Structure formats: structure tokens, C-alpha cells
Amino acid sequence: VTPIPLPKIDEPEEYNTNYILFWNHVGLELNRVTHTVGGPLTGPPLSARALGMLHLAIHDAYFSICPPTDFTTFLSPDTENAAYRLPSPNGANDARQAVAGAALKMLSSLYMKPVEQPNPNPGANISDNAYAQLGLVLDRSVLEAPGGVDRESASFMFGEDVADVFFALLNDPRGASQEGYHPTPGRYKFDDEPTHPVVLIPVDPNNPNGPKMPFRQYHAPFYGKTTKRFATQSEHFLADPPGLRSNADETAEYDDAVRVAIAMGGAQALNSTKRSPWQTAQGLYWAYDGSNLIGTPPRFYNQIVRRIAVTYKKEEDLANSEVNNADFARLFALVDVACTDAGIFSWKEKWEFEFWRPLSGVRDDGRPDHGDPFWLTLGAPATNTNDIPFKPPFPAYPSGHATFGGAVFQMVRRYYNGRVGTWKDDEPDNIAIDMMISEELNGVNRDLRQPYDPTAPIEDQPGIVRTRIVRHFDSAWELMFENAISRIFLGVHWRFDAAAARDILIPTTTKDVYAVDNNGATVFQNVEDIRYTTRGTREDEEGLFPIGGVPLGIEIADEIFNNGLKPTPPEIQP
Ligand code: VO4
């Protein structure tokens with residue numbers, strides 16, 4: 001089978017000499033490959049779940065062999081419930097091999113063609129080529145693993161046993177099913193986006209050349225409400241979005257959000273677009289909208305965390321240092337589990353409210369002086385394809401990017417506080433990173449002029465190459481903020497999808513109306529001054545709740561961290 005030529009990753013080759021980072025890398029490679037071939041575990045929420053499961057398995061295998069002192073394994077060897085019972089080592093003491101067995105078994109269980117009968121519905125739409133391409137990745141990873149892989153060792157066998165428990169417990173086979181779901185048209189309501197109202201896909205994935213059939217995608221409408229949570233200790237809720245329920249009277253906020261959406265998120269050439277060239281770059285930088293050779297946001301978030309992990313490591317040797325191994329195993333488990341639960345709660349709230357995307361909101365507004373029936377957004381980029389930009393197939397409120405980012409970066413901030421600097425947990429840190437390149441703007445990936453060719457390196461395919469932009473950031477607080485506002489620049493999210501407008505924008509004397517500069521561009525608050533303090537009401541619940549994705553992710557990370565990475569009590573699972 002012709003292996004797909006993958007473009008080079010911008011990262012020091014030394015990172016992969018550490019076996020914890022190496023297995024994270026294999027996970028990221030499978031993420032970008034399934035999104036290129038249309039294999040299993042695609043989309044933002046399930047792709048995050050895959051990495052959370054990989055890192056829990058790695059975490060409990062490693063720490064069972066090299067017992068920690070500050071915390072314990074996620075699961076326990078002494079639990080009464082067989083489902084949450086961790087296997088015992090019994091003499092196995094090679095952590096490298098135990099981690100290899102756990103990582104390999106988990107990734108194989110997740111990406112293998114379902115031989116266990118359960119294929120219909122759950123994955124009855126994935127070609128054999130997809131499975132074969134992912135298999136090649138798994139096969140060569142065995143040969144590239146630092147220190148090699150000994151499948152015959154007891155430690156390796158133990159790790160496999162560890163992955164089995166986690167796989168049985170947390171795998172959600174029908175997680176992304178949409179069967180039975182249909183939008184309900186109306187003001188503020190999500191429906192198929194007007195530039196991609198229907199797509200034509202093969203009737204048989206094994207014959208991608210016709211016949212095709214009409215398909216309308218609704219991404220994981222039942223997941224958030226039915227799936228098992230990983231480590232959260234309660235259910236998380238957001239305030240009703242402007243225009244709906246208890247906040248249906250918040251019309252000045254809504255109308256101004258419509259204004260900001262047009263100015264900041266329109267197509268490049270529209271006379272109404274006020275976004276600057278730099279802001280367009282900040283918008284594309286954080287995309288990772290499930291594109292060919294790129295994958296989803298959790299992939300990028302891990303790429304950033306690898307850099308942070310290595311930049312702030314306690315010891316200089318990446319290959320043979322149990323201190324570095326332990327630090328990385330713990331960090332990635334915390335970050336990826338937080339990313340998984342953020343995906344769950346952002347999806348639960350997305351489909352609870354079914355709030356429409358800005359493209360439809362602006363076009364269908366209905367008022368002659370507020371909407372633009374012909375507006376076009378910069379959009380989510382269809383990188384490495386000759387397709388046009390699109391609107392992700394799921395509700396707007398809250399933003400998945402914003403929630404993932406709040407969780408991932410608040411976790412990094414809780415983990416490194418007192419080690420890299422000192423700050424109050426709800427205030428800006430000093431976790432700086434440099435030489436950070438996004439694959440959306442690396443001087444290699446591009447917008448093609450003809451269909452993508454999976455047998456040729458991307459460099460040999462005609463298109464407009466994305467400018468290479470090397471960035472430096474001063475804090476994880478900045479990372480969290482830019483990640484969220486990037487979606488406003490693409491025009492795929494409303495301001496309140498990221499956070500309360502009051503917390504991120506500059507106020508004017510007019511309530512709910514914010515500042516714009518000379519060229520009518522929105523002015524944001526300096527990162528150092530931002531505090532996510534504005535909360536709102538819910539019609540069905542008493543109390544004040546966070547507004548938008550960032551504050552939601554932040555609360556998810558704090559809860560998990562504060563409870564020391566402990567399973568969600570079986571009592572409160574759906
Ligand atoms: O991923 V959004 O939900 O920020 O499109």
C-alpha cells in the first residue's frame with residue numbers, strides 16, 4: 001500500500017528520544033493521518049478522547065512500576081469494582097516496556113478495523129485504505145521507539161493489561177452518532193451552513209469514484225449528554241447565550257456581536273472587513289480544523305505542550321532520566337484528560353443550546369440595517385485541499401477551541417505554578433515559549449489548485465503556500481486568549497462563544513457596545529489585564545454561570561487538578 005508522505009514536523013529531533021514524548025508523537029501522527037484518510041476518531045471531541053485514553057494508560061503503567069509520592073495512579077489495584085481495577089505488576093519492572101505495551105495496545109484498540117463484530121453504524125463508513133494507512137503508522141512506530149520494543153517481556157504484557165482496562169472502561173464506540181438528529185429551523189438556531197448545505201460522499205468508501213449520495217453532517221449531537229466523563233467531579237454549565245432563554249432580553253449585546261462579527265470575521269476582500277493582516281494570521285494560526293495532514297486542535301495543543309514540557313524540564317537528559325519521564329507522564333495525563341472532559345462539556349452545551357453560527361446569523365438576521373444576506377466569512381481553512389473555507393458542522397456556543405484551550409492551558413498553569421514563576425491561579429503566568437510554528441502557517445502546507453494527491457509529498461503539489469510565521473508567546477494566559485479570539489477573526493464564532501465580551505473587549509459609555517479603532521476594527525483588552533469574571537444566568541438553574549468557552553475550560557481544569565486526577569464517581573455518570 002502506498003504510504004502517505006507526511007510533511008516534516010517543526011520540532012527538535014531530540015524530543016523523541018524520550019519514550020513518553022515518543023508515544024505522544026505516535027498519537028499525534030495517528031490524529032493527522034485519520035483526518036487525511038477519513039478513519040476512526042475524527043472530529044474535535046473524539047480526537048481529544050483518544051489522547052486522554054492513551055495518556056491515562058501510559059500514566060498508570062509507568063506509575064505502577066515507578067510509584068509516585070505526591071499522588072497515586074488514576075485507577076487502583078485494590079478497588080472492589082472490577083471495571084476500575086488496575087492490574088498488578090508482580091515483578092514486572094521495566095517502565096519503558098510497560099509504557100510501550102500500554103501505548104501500543106491502546107492505540108491499536110482505537111485505530112484497528114473492528115474485528116470484534118461491532119463495526120456496523122459505529123464505523124460502517126471507513127474504507128479499508130484508511131485502516132491500512134493507520135496500520136503502517138503503528139507498525140513503523142514499533143521500529144522507531146527509543147530503546148526498542150520487546151513484546152515478549154512481562155513489563156510489556158503488563159502495560160497491555162493496563163490499556164485493556166482503560167479501553168473497556170472509557171471507549172465510546174458510538175460517541176459521534178447523529179442518527180435521529182435533525183435541526184429545528186428558527187431564529188438563533190443551528191442548521192446546515194449556506195456554503196456547504198449538503199456534501200456528496202461515496203455510497204461505498206471503498207470506491208471513492210461514484211456513485212455519491214447527499215449527506216448532511218451534524219457532529220456528535222448526543223455525545224456530551226450520554227458519554228462517560230473522565231475526571232470531572234460534577235457537571236458543568238454555562239450561562240444562556242445572548243438572545244436565548246433567561247438572556248433573550250440581552251439584545252444590545254447580540255446586535256453588537258453581529259456588528260463585530262462582520263467587521264472582524266469577513267472574507268478578506270469584502271469592503272466591510274476591518275481585520276488587519278496580523279489578525280488574519282492569528283486566526284489561521286490556531287485553526288487545525290480537521291484538515292489533511294494536519295488533524296484537529298488537540299493535536300496542536302499537544303505540540304505546544306511538548307515544547308513547554310521540554311523547555312521547563314528539571315534535567316538536561318531527555319533519554320535516560322526518570323525525573324523527566326515522570327514529569328512528562330504526569331503532565332500529559334493531566335492535560336489530555338482535561339482536554340477530553342472539555343470536549344465533553346463544550347459538546348454538551350453546544351447541542352443543548354443549538355446556537356447558530358455567525359454566517360447564518362448575519363445572513364438570516366432579517367433586519368435591513370443589521371444583517372447582510374450575502375456575507376461570507378474568512379472561515380475555517382480547508383488546508384491541503386482545493387475546497388473552499390467552511391463553517392464547522394456543529395453549534396456555535398460555546399467554542400470548542402476556546403474550551404479546549406482554557407482547560408489545556410489552565411492545567412499547564414496549575415502544574416507549573418511555583419516552578420517557573422509564581423502567580424495567583426486566576427492571574428497571568430510567565431510560561432514563555434519561542435520558536436512556535438503552527439502547521440497552518442509553516443511555509444509548507446498550502447491551499448491547492450487541484451485535489452490533494454495522497455501519493456505525493458505536499459511540496460510537489462501546486463497551490464498557494466502558507467506563509468511561515470515563527471511566534472513567541474509570553475505566557476500560557478496569552479496562549480489561552482489568542483487561541484480563543486482566533487475564531488472571531490475567522491468569523492466562525494461570536495465573541496461570547498469565547499468569553500464574556502465584558503472580559504475581553506474595551507468598553508464605551510454605551511452598555512454592551514464596545515470600542516473600535518480608526519478603521520472600525522474591534523479593540524481587545526491587553527492580555528495582562530484580562531480576568532474572566534463576568535458570569536450570567538440560566539433559565540433552568542439558579543446561580544450565576546460562566547459565559548463562553550475559556551471560563552468553562554478553566555473551571556474544568558481546576559476541578560480535575562484540585563481533585564488530583566481521580567475518576568468521575570460512577571454515581572454521577574449519565
Ligand atoms: O471549534 V469552534 O467550536 O471554536 O468552531
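Hydrogens, waters and symmetry mates are skipped; everything else that's a heavy atom, side chains included, is used. Residue numbers start at 1 and run along the sequence shown. One-based numbering, in listed order, for ligands and for the atoms of each.
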task = Give the ring-plane orientation class for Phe190 versus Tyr181, where under 30° counts as parallel, over 60° as perpendicular and anything between as tilted.
result = tilted
task = May I ask you to establish whether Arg538 and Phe237 are in a cation-pi arrangement, using a distance under 6.0 Å from NZ or CZ to the six-membered ring centre and at most 45° from the ring axis?
result = no
message = The criterion is salt bridge (charged side-chain N to carboxylate O under 4.0 Å, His left out); which residues satisfy it with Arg299, sequence neighbours excluded?
response = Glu439
remark   = So side-chain hydrogen bond (donor to acceptor under 3.5 Å, both in side chains) across residues 252-267, not counting sequence neighbours, yields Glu253-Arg495, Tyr254-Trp356, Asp255-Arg367, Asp256-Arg259, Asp256-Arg495
inquiry  = Please verify the inter-ring angle class for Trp347 with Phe394; under 30° counts as parallel, over 60° as perpendicular, anything in between as tilted.
reply    = tilted
request  = Quick one: list whatever passes side-chain contact (heavy atoms from CB on, under 4.5 Å) with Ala382, sequence neighbours left out.
outcome  = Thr385, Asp387, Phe390
Need the list: ligand 1 N/O atoms against protein N/O atoms, distance under 3.5 Å, rounded to one decimal.
| from | atom 1 | to | atom 2 | distance (Å) |
| --- | --- | --- | --- | --- |
| ligand 1 | 1 (O) | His401 | ND1 | 2.9 |
| ligand 1 | 3 (O) | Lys350 | NZ | 3.0 |
| ligand 1 | 3 (O) | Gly400 | N | 3.0 |
| ligand 1 | 3 (O) | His493 | NE2 | 2.8 |
| ligand 1 | 4 (O) | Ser399 | OG | 2.6 |
| ligand 1 | 4 (O) | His401 | N | 3.4 |
| ligand 1 | 4 (O) | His401 | ND1 | 3.3 |
| ligand 1 | 4 (O) | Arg487 | NE | 3.1 |
| ligand 1 | 4 (O) | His493 | NE2 | 2.5 |
| ligand 1 | 5 (O) | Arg357 | NH1 | 2.9 |
| ligand 1 | 5 (O) | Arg357 | NH2 | 3.3 |
| ligand 1 | 5 (O) | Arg487 | NH2 | 3.1 |
| ligand 1 | 5 (O) | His493 | NE2 | 2.6 |

